[PDB]
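**Student:** Chains as they are written, first to last, in the entry's author numbering: chain A, 13 to 134; chain B, 14 to 133; chain B', 14 to 133; chain A', 13 to 134. A prime marks a further copy of an entry chain. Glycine included, C-beta positions come from ideal geometry on N, C-alpha and C. Submitted below is the structure of interest, expressed as structure tokens.
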Amino acid sequence: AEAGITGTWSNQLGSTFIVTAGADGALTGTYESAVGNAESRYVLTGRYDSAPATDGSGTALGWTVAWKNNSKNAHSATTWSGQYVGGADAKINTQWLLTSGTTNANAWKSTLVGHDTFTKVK
Amino acid sequence: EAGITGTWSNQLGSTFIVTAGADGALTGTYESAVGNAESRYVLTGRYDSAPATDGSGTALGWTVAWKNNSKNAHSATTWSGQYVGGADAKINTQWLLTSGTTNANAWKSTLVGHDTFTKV
Amino acid sequence: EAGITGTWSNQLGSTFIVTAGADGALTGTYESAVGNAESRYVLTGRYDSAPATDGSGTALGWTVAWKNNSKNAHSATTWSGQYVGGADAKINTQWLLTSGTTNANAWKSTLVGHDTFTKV
Amino acid sequence: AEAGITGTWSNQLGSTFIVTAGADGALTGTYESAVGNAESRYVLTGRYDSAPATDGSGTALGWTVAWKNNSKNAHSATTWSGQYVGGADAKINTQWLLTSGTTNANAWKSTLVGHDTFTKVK
Ligand SMILES: O=C(O)CCCC[C@@H]1SC[C@@H]2NC(=O)N[C@@H]21
Ligand SMILES: O=C(O)CCCC[C@@H]1SC[C@@H]2NC(=O)N[C@@H]21
Ligand SMILES: O=C(O)CCCC[C@@H]1SC[C@@H]2NC(=O)N[C@@H]21
Ligand SMILES: O=C(O)CCCC[C@@H]1SC[C@@H]2NC(=O)N[C@@H]21
């Protein structure tokens, strides 16, 4: 739907983010991580602002992967929160939170944080 | 299955109405008690539909883009956390709220916090 | 002045022993109840020594590098948050715990969480 | 003291981080931000691992600025948590938390998060 966001993207780790930005504000696609307790593709879903500001600001968005697929389950989920900055060197700039299922006793060490920059492969 | 589906509230008084699909999907609406928000917003997310059997929580996350028919804050929040069910269920999360900005102001684009939800 | 100086504990049972200098400095020791840590570690930090007068909290933060004479976890935590004093004082924080890693593993170097401290 | 960490660094915003890594594990210096509610230099203090692993891992560290100096007070503090990766293109890679003093009612919006990469000017 939104042609700028829709496509196949890679981040600095070489993970592959395949997404469609639909007329309804949804992000729908698959994610394949180059790192971590992950193999092959995982379902993702998210949302984006389908009417962004016309003042040069980016388009806010986010999405989630739960790290379960037909062949592995890491008992974990990542959410990416960020913005799409369009134009000739378009980027999706994010920060993310990866929470693993833990006992309450280990909950203090349940969540990793980082940042991913995605560039379109297209 | 999971016990996630239902109406939840957090420490701010916001309302999270969610349905957990058998496939790992989360769907529903979010209404914030605070910020540049009015009425309900669509959410989508994912959860681990086959959690560990060892007393660990269930990983999950979801997104809201803060545009609805009433208002658009040009921002989006993601919650990442764990669910524990049963009669005193709780969802314990950390969240990232990114506002659209120019690249020069990206350093001040993202708030971080933590929300605890209980079932209403 | 501020009321920060003292012995504090968090929800994990860790102990934060701090002195607030008149110049904005924080000094003292931290003992974690969890993780790759034993005994006391040095901390340093800073706080706003001239906070607003409007009922806002006092911004502060501090660092611990997890090396002492007993153990070295090759990691460091920073807490960033706000202090409210008085008889039921609390320090509400978010924290980032970075472990040294190679560049290939920097994506998994940093834990994030939130600690609430009360005075012992 | 530690010559690799000690020096004058700039980040991607053009802020200037002047630091000494002392034999006692302390970081001591000043910070000048290119952005935000800030002017001139602010005191910083922090800590670093003075005996890092010899396996190629970085050197963990962190520091704090409270945004009060002789001429402005933002009623806020930032902490940077990260690691120094030495060698010919040395970097200090961080994530940070900027908490502002707020009322309890506004505490939900008290804290910004981001990431800074510092390169040595020397
Ligand atoms: O190890 C796990 O729990 C599952 C895989 C996590 C991969 C993380 S998600 C954030 C970061 N960005 C990526 O592309 N991969 C890693
Ligand atoms: O102000 C905005 O940009 C939109 C509303 C944001 C509300 C935030 S989302 C994180 C926190 N938890 C809530 O229930 N509300 C606030
Ligand atoms: O395991 C390590 O690398 C060193 C100990 C880390 C303990 C962390 S710091 C954040 C949280 N709050 C605490 O009081 N302890 C844990
Ligand atoms: O606006 C304020 O409250 C004080 C100045 C904050 C500047 C922030 S700290 C994180 C980021 N990195 C910088 O070099 N400057 C900004």
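Check whether the Cβ atoms of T40/A' and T57/A' lie closer than 7 angstroms to each other.
**Tutor:** Yes, the pair counts as a contact, with Cβ atoms nearer than the cut-off.
**Student:** With 16 as the cutoff for other CB atoms within 10 Å, does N82/A' come out buried or exposed?
**Tutor:** The residue is exposed, with fewer than 16 neighbouring Cβ atoms inside 10 Å.
**Student:** Please confirm whether any heavy atom of ligand 2 lies closer than 6 angstroms to the CB of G48/B.
**Tutor:** Because some heavy atom of ligand 2 lies under 6 angstroms away, the Cβ of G48/B counts as near it: yes.
**Student:** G126/B touches chain A' at which residues, Cβ-Cβ below 7 angstroms?
**Tutor:** Correct list: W120, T123.
**Student:** Put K121/B' into one of helix, strand or coil per three-state DSSP.
**Tutor:** Of the three classes helix, strand and coil, the one that applies to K121/B' here is helix, per DSSP.
**Student:** Which residues mark the beginning and the end of the beta strand (DSSP E) in which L39/B is found?
**Tutor:** Run containing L39/B: 38-44, per the beta strand (DSSP E) assignment.
**Student:** According to DSSP, what are the bridge partners of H127/A?
**Tutor:** Its beta-bridge partners are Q107/A.
**Student:** Quick one: list the residues of chain A neighbouring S83/B, beta-carbon separation under 8 angstroms, in chain order.
**Tutor:** In chain order: nothing, as chain A lies at least about 13 angstroms away.
**Student:** Which stretch, first to last residue, makes up the beta strand (DSSP E) that contains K80/B?
**Tutor:** Note, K80/B: beta strand (DSSP E), 71-80.
**Student:** When you compare each of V55/B', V133/B', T123/B' to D101/B' by their alpha carbons, which one comes out closest?
**Tutor:** Checked all of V55/B', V133/B', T123/B'; the closest Cα to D101/B' is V133/B'.
**Student:** For a quick check, are the C-beta atoms of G94/B' and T115/A' less than 7 angstroms apart?
**Tutor:** Not a contact, by the Cβ cut-off of 7 angstroms.
**Student:** Measuring alpha carbon to alpha carbon, tell me which residue in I104/A', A15/A', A46/A' is nearest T32/A'.
**Tutor:** Checked all of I104/A', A15/A', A46/A'; the closest Cα to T32/A' is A15/A'.
**Student:** Classify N49/B' as helix, strand or coil using the three-state DSSP reduction.
**Tutor:** It is coil, neither helix nor strand.
**Student:** Quick check: does the Cβ of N23/A' come within less than 6 angstroms of any heavy atom belonging to ligand 4?
**Tutor:** True, at least one ligand heavy atom lies under 6 angstroms from that Cβ.
**Student:** So is the beta-carbon of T90/B under 6 angstroms away from any non-hydrogen atom of ligand 2?
**Tutor:** The answer is yes for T90/B.
**Student:** Which of helix, strand or coil does DSSP assign to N23/B?
**Tutor:** Three-state DSSP puts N23/B in a strand.
**Student:** Which same chain residues end up closer than 7 angstroms to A13/A' when comparing Cβ atoms and leaving out the 5 residues on each side of it in sequence?
**Tutor:** Correct list, in chain order: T32, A33, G34, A35.
**Student:** Using 7 angstroms as the limit for Cβ to Cβ distance, is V133/A' near chain B?
**Tutor:** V133/A' does not count as touching chain B.
**Student:** Ligand 4 and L39/B: does any heavy atom of the ligand fall closer than 6 angstroms to the residue's C-beta?
**Tutor:** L39/B: no, Cβ never under 6 angstroms from ligand 4.
**Student:** Is the Cβ of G70/B closer than 7 angstroms to any Cβ of chain A?
**Tutor:** Interface residue, yes.
**Student:** Which residue or residues does DSSP assign as beta-bridge partners of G58/A?
**Tutor:** DSSP output for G58/A lists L39/A, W75/A as bridge partner(s).
**Student:** Keeping to the same chain, check which residues put their C-beta closer than 8 angstroms to that of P64/A; ignore five residues upstream and five downstream.
**Tutor:** Contacts found: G70, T71, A72.
**Student:** Look up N85/A' in the DSSP assignment and say whether it is helix, strand or coil.
**Tutor:** Strand, per DSSP.
**Student:** Count the C-beta pairs between the stretch 73-92 of chain B' and the stretch 40-53 of chain B' that are closer than 8 angstroms, then say yes if the count reaches three, no if not.
**Tutor:** The stretch 73-92 of chain B' is in contact with the stretch 40-53 of chain B'.
**Student:** Return the CA-CA distance between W92/B and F130/B, expressed in angstroms with no decimal places.
**Tutor:** Taking the straight line from one Cα to the other gives about 11 angstroms.
**Student:** With 9 angstroms as the C-beta to C-beta threshold (strictly closer), list the residues of the stretch 88-109 of chain B' near chain B in chain order.
**Tutor:** Of all residues in the stretch 88-109 of chain B', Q107 have a Cβ within less than 9 angstroms of some Cβ in chain B.
**Student:** Buried or exposed: which applies to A119/B', given that a residue is buried once 16 or more other Cβ atoms fall within 10 Å of its Cβ?
**Tutor:** Under this definition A119/B' is a buried residue.
**Student:** Taking all protein chains shown into account, decide if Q107/A' is buried (16 or more other Cβ within 10 angstroms of its Cβ) or exposed.
**Tutor:** Result: buried.
**Student:** Can you name the residues of chain B whose CB is closer than 7 angstroms to the CB of residue 2/A'?
**Tutor:** Here chain A' covers residues 13 to 134 and nothing more, so residue 2/A' does not appear.
**Student:** Going along the chain, which residues of the stretch 35-66 of chain B' sit with their C-beta nearer than 8 angstroms to a C-beta in chain A?
**Tutor:** From the stretch 35-66 of chain B', only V47, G48 have a Cβ closer than 8 angstroms to chain A.
**Student:** Kindly list the residues whose CB is nearer than 8 angstroms to the CB of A89/A', restricted to its own chain and excluding five residues on each side of it in sequence; keep chain order.
**Tutor:** Within the same chain, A89/A' has close Cβ partners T76, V77, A78, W79, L110, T111.
**Student:** Suppose you measure from the CA of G126/A to the CA of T20/B; what does that come to, to the nearest Å?
**Tutor:** Roughly 30 angstroms separates the two Cα atoms.
**Student:** CB-CB under 6 angstroms to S122/B', same chain, minus the five flanking residues each way: which ones, in chain order?
**Tutor:** The residues are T111, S112, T114.
**Student:** Starting from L25/A, find everything on chain B' with Cβ-Cβ shorter than 8 angstroms and list it in chain order.
**Tutor:** Going along chain B' in sequence order, the residues near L25/A (Cβ under 8 angstroms) are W120.
**Student:** When we look at the beta-carbon of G26/A' and count the other beta-carbons within 10 Å, is it buried (16 or more) or exposed?
**Tutor:** Exposed: under 16 other Cβ atoms inside 10 Å.
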